[PDB]
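In the order they appear, the protein sequences are chains C and G.
Heads up: the first sequence runs through residues 344 to 609, 626 to 636, numbered per the authors' numbering.
Heads up: the second sequence runs through residues 19 to 615, numbered per the authors' numbering.
Some notes on the structure that comes next.
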Amino acid sequence: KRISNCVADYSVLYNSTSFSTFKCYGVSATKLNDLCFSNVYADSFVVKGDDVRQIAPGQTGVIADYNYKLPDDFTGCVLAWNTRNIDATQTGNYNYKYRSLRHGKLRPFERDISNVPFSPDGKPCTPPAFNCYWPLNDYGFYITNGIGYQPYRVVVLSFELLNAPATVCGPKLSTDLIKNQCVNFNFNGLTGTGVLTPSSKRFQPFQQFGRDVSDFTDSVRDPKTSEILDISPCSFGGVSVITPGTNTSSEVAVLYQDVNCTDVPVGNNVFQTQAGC
Amino acid sequence: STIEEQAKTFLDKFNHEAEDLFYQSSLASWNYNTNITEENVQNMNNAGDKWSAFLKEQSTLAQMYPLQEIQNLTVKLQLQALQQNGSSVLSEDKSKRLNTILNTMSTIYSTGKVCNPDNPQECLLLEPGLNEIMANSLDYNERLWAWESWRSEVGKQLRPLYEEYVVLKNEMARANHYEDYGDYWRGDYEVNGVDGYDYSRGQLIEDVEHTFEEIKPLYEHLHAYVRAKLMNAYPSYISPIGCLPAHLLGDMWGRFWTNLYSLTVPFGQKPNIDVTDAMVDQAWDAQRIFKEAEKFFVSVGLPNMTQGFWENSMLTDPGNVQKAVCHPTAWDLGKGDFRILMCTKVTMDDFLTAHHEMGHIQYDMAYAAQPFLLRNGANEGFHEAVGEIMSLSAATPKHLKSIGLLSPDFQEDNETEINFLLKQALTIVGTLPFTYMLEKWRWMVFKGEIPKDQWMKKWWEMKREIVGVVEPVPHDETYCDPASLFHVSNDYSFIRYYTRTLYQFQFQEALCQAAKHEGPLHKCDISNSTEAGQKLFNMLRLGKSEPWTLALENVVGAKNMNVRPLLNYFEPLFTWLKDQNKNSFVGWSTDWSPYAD
Ligand SMILES: *[C@@H]1O[C@H](CO)[C@@H](O)[C@H](O)[C@H]1NC(C)=O
Ligand SMILES: *[C@@H]1O[C@H](CO)[C@@H](O)[C@H](O)[C@H]1NC(C)=O
Ligand SMILES: *[C@@H]1O[C@H](CO)[C@@H](O)[C@H](O)[C@H]1NC(C)=O
């Protein structure tokens, strides 16, 4: 199962469904939202209680190997929850069958829905034949059944991260704005340093990133809120010392040649000149 | 690909299909057991017959696999189990004839009843009614009449059926290349081809005789003491040097001797060991008894019980329209479904029976990981022995003091100690000669050491000789008293109880070895220490994958059947018996009889 353009936060996951088993083998378990999923494979199935641990990377089981193989290569999550009532009946739900025995383990991300008798000699024969023995045996799923074969519903999310268009990719929390400050900025993956102000430039709606005759970025649309931000480079001046003759005295004064008396770190008195502060 | 690979393939398909099939069979059985109704029994013979026919039809395929090709022992025993045809390999007429005669036995013996001689309206069956009076009544005539009538009304109806039964069962045994049905029983412990962990069939008789030779003096002293106490309770009825009447032993056939305690109490002026009154005092129900049993299981190291047991099983007597049998039975069903049937009252005997069946189901849960037809005891006696271990350990005062009854200031004088030893010894000892005589008598009936018109004379003569019990009235060839017993007419061997009894004290000593036991074997409790837990668990799960010999040498470190643990358990009580009976005669005379004088 592939999901698209959403968050997959664990908090909302918990309310809808509660997992008795909630563990990501290949990735972080809690941050199901952080991970940026592309062509994710959310694999839903029903297995008996002992088969729940069998279908897991690092542990190879005949039910796992010949029905839904989990080698270490994928990164994924096992999510099991108790569904005994729905998947079992006092008469017995024979809907589910397990391939208890098969010639070879499934390839990674390989499916087999075949119901054809297993050949012990390796040559398939007709089901009525004595030599061929069916691999798919019906699940023992009863309301009266004990934990040994009690039904449980397990989904394993196996995914190749960014092996396709990224689709389940949690949007991070946004430090949306800052005003009149030399800081770093990230316009939706556009990172730089400068002073930020509101922008009175009517960008064409289709284009979002600006540029200048100086070839630098005047302004660009805020992704979170489609409002434009003006960018200017941070202030840089050359400190120049004024002094009388060192013979005359030792006192000095400093000139900051292109900045107003605001941004100077700061000397008792300040005086702003057309030159600088 | 190879022979063993395809054998494993077939056996694993057999596991994965027989799981559901026998689970359906046991579901129908359980529906019959929790609800006795014609629809339930009609469900019972559908899946049960489907299971028997499944075994036969897949044996027709397993027999195609040769047996003498697998070097391994794990799957070779599975092939042996599937290749055993069971009871369906005979001539077409005679196999079904023996089956329907056995079914007729199971019907008539179980539903039979006896009627008042002067009133053909007062008619009652065996259980209850007859066993309760012959366990507590002081009337000679009442007990004698019940004892005679139960063997008269249905024993006659079972005698010709038993006459056909011995012949047809021996023919079935011969068709399966056995000596007799006694050899079939001796073939239950039949492991082969191990060269050191092996066990023959006649060696069963050898061991039983050799380990009962040590019981004979202890049982002789106990028989002398119980004859003296029967003098005390039933004066002017028995010879001081003779044997015992068959209706004064608490039960129908003299099997269980616990009921004699009210009339064989050594020192009645001392506090009682029976805690049924204490259990009534706290107004306990079945649920509290079973939960306390499970807590004691946790204390020794065995796990809690699953949701299915407390969600499915029947624990109290219904009484209402949904009437059902109430015999204590553990039920292995697979699929994590391990159940128990007991209609439990507030009784100390019921407490120990609850522990007994809890131990059986704990054993079943431990070996649940075994293959489906190896999901059973390594032999027949180990299941019962493990079940009785918990009853024996729980019966000690060291466990009652921790239960909550019997306020924890309990004295440790020799008076109540000897009382408890004798109370346990009645059952433990007096069940052994009866087991010996019944098993040997049936073995030689099936073998042919008794002419078919000599069954009863020899049966009662060895009740006199081995058990020291005399029939109060003469019996002709018309009756059949052994067939008037549950295990003879319902296809159950009896030596499994002897193995239970001996392995019971063997496992007692084994579980006290690691439990830092300080006193003699009688005060030993396996509670609160988990080392006995894994020491019994390295038994509790092997199943029929390994023989009982390897398992027994891992448990107690012994190779052969031994009763010396029982002798050392009862040795202080043996000295007490020798001291007490100095004014009486130790032994019994087979010539005396209530009808011979
Ligand atoms: C984003 O959502 C907020 C919350 O309502 C809203 O105020 C803002 O205008 C939205 N911006 C865009 C670009 O959709
Ligand atoms: C510093 O000034 C004083 C007085 O004007 C003079 O005497 C001296 O030579 C001067 N020294 C230097 C290094 O200019
Ligand atoms: C410095 O601040 C003053 C007062 O806010 C302002 O008039 C001046 O334009 C600022 N400097 C520059 C370079 O804009």
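All residues carry an ideal CB built from backbone N, CA and C; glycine is no exception.
Rounded separation between residue i and residue j - CA only
| i | j | result |
| --- | --- | --- |
| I119 of chain G | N410 of chain C | 49 Å |
| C577 of chain C | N603 of chain C | 13 Å |
| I513 of chain G | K458 of chain G | 9 Å |
| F315 of chain G | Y207 of chain G | 29 Å |
| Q600 of chain C | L520 of chain C | 30 Å |
| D303 of chain G | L39 of chain G | 35 Å |
| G580 of chain C | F559 of chain C | 20 Å |
| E145 of chain G | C344 of chain G | 11 Å |
| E232 of chain G | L444 of chain C | 53 Å |
| residue 15 of chain G | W477 of chain G | A question about residue 15 of chain G goes unanswered here, because the residues of chain G that appear run from 19 up to 615. |
| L262 of chain G | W594 of chain G | 21 Å |
| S611 of chain G | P490 of chain G | 6 Å |
| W163 of chain G | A80 of chain G | 53 Å |
| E182 of chain G | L116 of chain G | 8 Å |
| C141 of chain G | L267 of chain G | 23 Å |
| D565 of chain C | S583 of chain C | 39 Å |
| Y521 of chain G | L539 of chain G | 14 Å |
| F72 of chain G | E398 of chain G | 23 Å |
| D382 of chain G | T434 of chain G | 36 Å |
| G537 of chain G | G319 of chain G | 22 Å |
Spatially closest choice to residue i from the options, by CA coordinates
| i | options | result |
| --- | --- | --- |
| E22 of chain G | G:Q89, G:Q81 and G:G272 | G:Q89 |
| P235 of chain G | G:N397, G:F603 and G:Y158 | G:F603 |
| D216 of chain G | G:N117, G:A242 and G:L568 | G:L568 |
| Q493 of chain C | G:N578, G:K353 and G:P590 | G:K353 |
| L156 of chain G | G:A348, G:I259, G:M249 and G:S607 | G:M249 |
| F308 of chain G | G:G377, G:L539, G:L281 and G:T27 | G:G377 |
| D367 of chain G | G:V293, G:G337 and G:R177 | G:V293 |
| residue 9 of chain G | G:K112, G:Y127, G:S170 and G:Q221 | Because chain G is modelled from 19 through 615, residue 9 of chain G falls outside the range shown and cannot be assessed. |
| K419 of chain G | G:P84, G:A296 and G:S77 | G:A296 |
| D509 of chain G | G:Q287, G:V93 and G:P500 | G:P500 |
| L392 of chain G | G:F525, G:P565, G:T453 and G:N51 | G:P565 |
| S44 of chain G | C:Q433, C:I346, C:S501 and C:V421 | C:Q433 |
Partner residues on chain C for residue i, Cβ-Cβ distance less than 9 Å
| i | result |
| --- | --- |
| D355 of chain G | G483, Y485, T487, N488, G489, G491 and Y492 |
| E37 of chain G | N480, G483 and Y492 |
| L97 of chain G | Residues of chain C passing the Cβ test: none, with the nearest at roughly 14 Å. |
| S511 of chain G | Per Cβ cutoff of 9 Å: no residues; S511 of chain G is ~30 Å from chain C at best. |
8 Å Cβ cutoff, residue i in contact with chain G
| i | result |
| --- | --- |
| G465 of chain C | yes |
| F461 of chain C | yes |
| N410 of chain C | no |
| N425 of chain C | no |
| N480 of chain C | yes |
| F473 of chain C | yes |
Residue i CB to nearest heavy atom of ligand 5 below 7 Å
| i | result |
| --- | --- |
| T560 of chain C | Looking for ligand 5 in the displayed structure turns up nothing; the ligands present are ligand 1, ligand 2 and ligand 3. |
Amino acids of chain G, ordered along the chain, whose beta-carbon sits closer than 8 Å to that of residue i
| i | result |
| --- | --- |
| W477 of chain C | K31 |
Cross-chain neighbours of residue i in chain G, by beta carbon under 9 Å
| i | result |
| --- | --- |
| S443 of chain C | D30, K31, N33 and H34 |
Contact with chain C by residue i, beta-carbon distance below 8 Å
| i | result |
| --- | --- |
| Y613 of chain G | no |
| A386 of chain G | yes |
| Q325 of chain G | yes |
| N330 of chain G | yes |
| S47 of chain G | no |
| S19 of chain G | yes |
Where residue i meets chain C, residues with beta-carbon distance less than 7 Å
| i | result |
| --- | --- |
| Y41 of chain G | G483 |
| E23 of chain G | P463 |
| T608 of chain G | Those do not exist, as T608 of chain G stays about 53 Å from chain C at its closest Cβ, beyond 7 Å. |
Within chain C, partners of residue i - CB distance below 8 Å
| i | result |
| --- | --- |
| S77 of chain G | Per Cβ cutoff of 8 Å: no residues; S77 of chain G is ~12 Å from chain C at best. |
| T27 of chain G | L444, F461, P463 and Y476 |
Environment of ligand 3 in chain order, Cβ to heavy atom below 6 Å:
C:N603 and C:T605
Which residues end up in the neighbourhood of ligand 1 when you take C-beta atoms closer than 6 Å to any of its heavy atoms?
C:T568 and C:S569
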